[PDB]
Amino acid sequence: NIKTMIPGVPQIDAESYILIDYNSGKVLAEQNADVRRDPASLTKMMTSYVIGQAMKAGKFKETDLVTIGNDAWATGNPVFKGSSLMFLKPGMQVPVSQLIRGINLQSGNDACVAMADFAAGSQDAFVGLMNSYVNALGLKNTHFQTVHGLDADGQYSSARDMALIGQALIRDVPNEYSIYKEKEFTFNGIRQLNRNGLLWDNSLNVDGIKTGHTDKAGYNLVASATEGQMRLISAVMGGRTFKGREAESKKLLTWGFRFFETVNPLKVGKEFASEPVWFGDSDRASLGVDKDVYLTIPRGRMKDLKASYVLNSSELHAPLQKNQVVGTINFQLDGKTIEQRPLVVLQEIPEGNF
């Protein structure tokens, strides 16, 4: 009863949310997680991903100077009215390091344009990259039209999709993600605070990601926090009150850490099982996984976890290719399969040569 309890989810004062484990991908809690909503400033998480991907690929460096053009002139474009801005002016020569901090820390809309032109030649081309990454990540309820998150009529995303963009940032572009925890940066003599207030919350280790508000979106937050071996991502969209701003997301994260833990029962290349092989240069196949196994389970239940396996075929016949799928690993709690992973050949077995 204690051992098999399903914990109640706290009431969250928002249109939609999701809570996921970063490593396992497991959804711990959700409500209206696939409803299409105005992303507001959360759009900039994708802007930052594209930039992070360009930098990973070596297209430019943080020390590189970007010359500011007219479309990134903050007080030259009334579209930027009442919005977060670096106050760039044409002709300024600003290091990439400073513009990506303008975007990540400050949500500078002008810095988004500046980087979009620098990275991709035009804002349309850059939005095209954002949308190509939407497809590659397999996001089903997301579409961008703008580089900064301006309520543009046909852009949308979802709590699920925004958490997934969060996970992609941490996983694919860790050097870009490491910027999000920085509490401040200085530009043009002026000190600028990271807008993510949760970074200052002593009770959690929040290191990301992005807050947002436009008048169609409500209050929006994608947060990520760690506690030991465990990283959670929350996405809360259409938060109703100014006071629930960080509080509602904190509720989900603290609940997640209290009731769940992440286990890593198996790593790539390590033997889980061995099976006889026929016609081979060796007599036995070493079997395991081609991707690290992470599971999210109820907290405490780690020592109750059982693993077993099944095989696709009665017999293993060489040649066996490395990472050839030959079965399925079952992870179980209380005698019930909770998670499955493909069982694969770890070391190639070509046909015998004598």
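Start at 1 and count along the sequence shown; that's the residue number. For the two forms, the rigid core is made up of the largest set of C-alpha atoms that agree within 1.5 Å on superposition.
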Query raised in the report: Relative to the presented form, and with the rigid core used for superposition, do the C-alpha atoms of 344-352 or of 1-9 deviate more in 5 other deposited structures of this protein?
Result: 344-352
Requested in this report: Overlaying the structures in 5 other deposited structures of this protein on the rigid core, point out which of 53-61 and 284-292 has the bigger RMS C-alpha shift.
Outcome: 284-292
Query raised in the report: On average, which has the higher Cα B-factor in the deposited entry, 211-219 or 152-160?
Result: 211-219
Report task. Using the B-factors recorded in the PDB entry, average over the C-alpha atoms of 277-285 and of 226-234, then report which stretch comes out higher. Result -> 277-285
**Report entry** Residue selected from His143, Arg101, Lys81, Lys181 by maximal Cα B factor
**Finding:** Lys81
Report task. Could you check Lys251, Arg245, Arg258, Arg171 and tell me which one carries the biggest Cα B-factor in the deposited entry? Result -> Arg245
Report summary line: So, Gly25's CA B-factor, relative to its chain, sits in which third? The lowest
**Report entry** Record-listed C-alpha B factor of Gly300: chain third
**Finding:** highest
Query raised in the report: Can you tell me which third, lowest, middle or highest, the CA B-factor of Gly327 falls into for its chain?
Result: middle
Report summary line: In terms of its chain's C-alpha B-factors, the third that includes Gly239 is the highest
Requested in this report: Name the third of the chain's ranked CA B-factors that contains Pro319, choosing lowest, middle or highest.
Outcome: highest
